[PDB]
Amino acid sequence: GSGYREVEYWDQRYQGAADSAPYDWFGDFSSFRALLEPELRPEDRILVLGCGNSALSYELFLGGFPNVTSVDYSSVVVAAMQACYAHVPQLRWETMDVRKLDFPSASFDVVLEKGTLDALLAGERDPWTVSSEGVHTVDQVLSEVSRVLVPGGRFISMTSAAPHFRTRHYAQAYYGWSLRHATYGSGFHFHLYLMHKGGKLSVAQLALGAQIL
């Protein structure tokens, strides 16, 4: 429900997260690595948004992608992941609201998010009609993602939201990216969106984006 929007809920959830098992929303790395890894390079500077206590950041490292930075607005979970992953100095963790990324522009080659925009859109009354706040907060995040990516960078989003709900959010021309989609995971009911800066949206995608902005 809408309680997933508030940091207090997450700070409460993540007490003791350094000692508890990792937890992954909408699949772990195994469920989508066939889709994800061909889009990555070992030298890529990767930013993971709303990391929580997911094993994704660690799995990227074990898979040959050491340049990982992970952020979350729960300072509790950031401290916990710093402690849990103290054996992996390559991995960086910082407390941050993803609506304002405190990095200089063009600092990353890839940005990933799994279940974070879902938190921003949690509890919407009508899945077909996005509230003013839902539109604005998601647009803020996406603008920041585009800003911190280098030219030519990639943003990859993993969510339970199917394209007839989520494409309208990603299909804004000013983000400066193309948009592709694949399904994965449980009953092929999870959705992976690939955005490549320098590409263009289709007229279909732009028409959906025009529905909210």
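For every residue, the number given is its place in the sequence shown, counted from 1.
Comparing the deposited coordinates for 49 to 57 and 170 to 178, the stretch with the larger average C-alpha B-factor is 170 to 178. Note on 18 to 26 vs 5 to 13: mean CA B-factor is higher in 18 to 26. Out of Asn67, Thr159, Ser70, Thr183, the entry records its largest CA B-factor for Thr183. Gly115 sits in the middle third of its chain by CA B factor, as recorded in the PDB entry.
In the PDB entry, a CA B factor belonging to the lowest third of its chain's modelled residues is recorded for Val145.
When the modelled residues of the chain are ordered by their C-alpha B factor, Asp97 lands in the lowest third. In this PDB entry, the Cα temperature factor of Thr129 sits in the top third of its chain's modelled residues, the highest group.
Compared with the other modelled residues of the chain, the Cα B-factor recorded for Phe165 ranks in the middle third.
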